[PDB]
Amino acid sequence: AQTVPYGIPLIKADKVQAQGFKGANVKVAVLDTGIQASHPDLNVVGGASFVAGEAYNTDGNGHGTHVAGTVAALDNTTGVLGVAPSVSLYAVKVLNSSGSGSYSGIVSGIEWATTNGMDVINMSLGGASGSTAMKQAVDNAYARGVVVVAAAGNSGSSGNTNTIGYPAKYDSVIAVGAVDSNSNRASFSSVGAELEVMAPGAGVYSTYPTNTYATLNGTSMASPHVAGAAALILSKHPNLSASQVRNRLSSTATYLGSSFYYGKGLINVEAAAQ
């Protein structure tokens, strides 16, 4: 009754899981539209809400729940399987049911996750510009030992133009682009000099409210694959600093093309966690 989305073996996370490392005791905050905690294939340990009138453990959108399942869908007898299924999953809600949020709310969630000792931040979200605050937040979070991952954007490419949004464009954040099951780049995946690594982001099957499953597209789907990978690395090497983890992902990636379009390549966690 459990299905393994193709993305898991593609980044070879299935190999590292077989080694006995599943991100146990690693803390991961999903900064999104919240998460459907009551979902059977998800275990939301905690979190916070920076969206008025909404609790952190509901999800009127679906986006965040989907992202959560990709990072940490429970390895069990049903549904799907996350990249790091033993992770301590936290739902930090910074976007509402419509999918929208302010700069201050997102910053709030990043500051909370810093204060509260998250090991990894996933931000499947962004915009044309960021803010001085948002920057200060990610830098500090990164300096604290938090692997900070973000979707790069879905604005595609056109000649010479850079289409990476914030926070992905920040250098303390891992900007993550998307490929399909063929390891080919997705036509929507943003491009730019800051593009760091690629991960599955097209036809991604994961959890979805209410108690169901859904196939989505976007770099929002790709980001959480890297987020999970970071958690796997840590479960095998709890010693590693944020940089050491990040660099392992980017310098063991399978080559896929020019870095303006593919960054350093497709993540390979088996190689990363050597």
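Don't overthink the numbering: it's just position in the shown sequence, from 1.
Query raised in the report: Do the C-alpha atoms of 152-160 or of 84-92 have the higher average B factor in the entry?
Result: That would be 152-160.
Query raised in the report: For the C-alpha atoms alone, is the average B factor greater in 108-116 or in 194-202, going by the entry?
Result: Taking the mean C-alpha B-factor of 194-202 and of 108-116, the larger value falls to 108-116.
Query - Largest Cα B-factor, entry values, listed residues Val176, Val71, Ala143, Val173 - result: Among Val176, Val71, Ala143, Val173, the highest C-alpha B-factor in the entry belongs to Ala143.
Requested in this report: Could you tell me which third, lowest, middle or highest, the C-alpha B-factor of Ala186 occupies within its chain?
Outcome: For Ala186, the deposited C-alpha B-factor lands in the lowest third.
Query - Chain third (lowest, middle, highest) by recorded CA B-factor, residue given as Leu42 - result: It belongs to the middle third of the chain when residues are ordered by C-alpha B-factor.
Query - Third of the chain, ranked by Cα B-factor, where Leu125 sits - result: Its C-alpha B-factor, which the entry lists for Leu125, ranks in the lowest third among residues of this chain.
Requested in this report: Grab the CA temperature factor for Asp59 from the record and place it in the lowest, middle or highest third of its chain.
Outcome: It belongs to the middle third of the chain when residues are ordered by C-alpha B-factor.
Requested in this report: Would you mind checking where the Cα B-factor of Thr254 ranks among the modelled residues of its chain, as the lowest, middle or highest third?
Outcome: Lowest third of the chain for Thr254's C-alpha B-factor.
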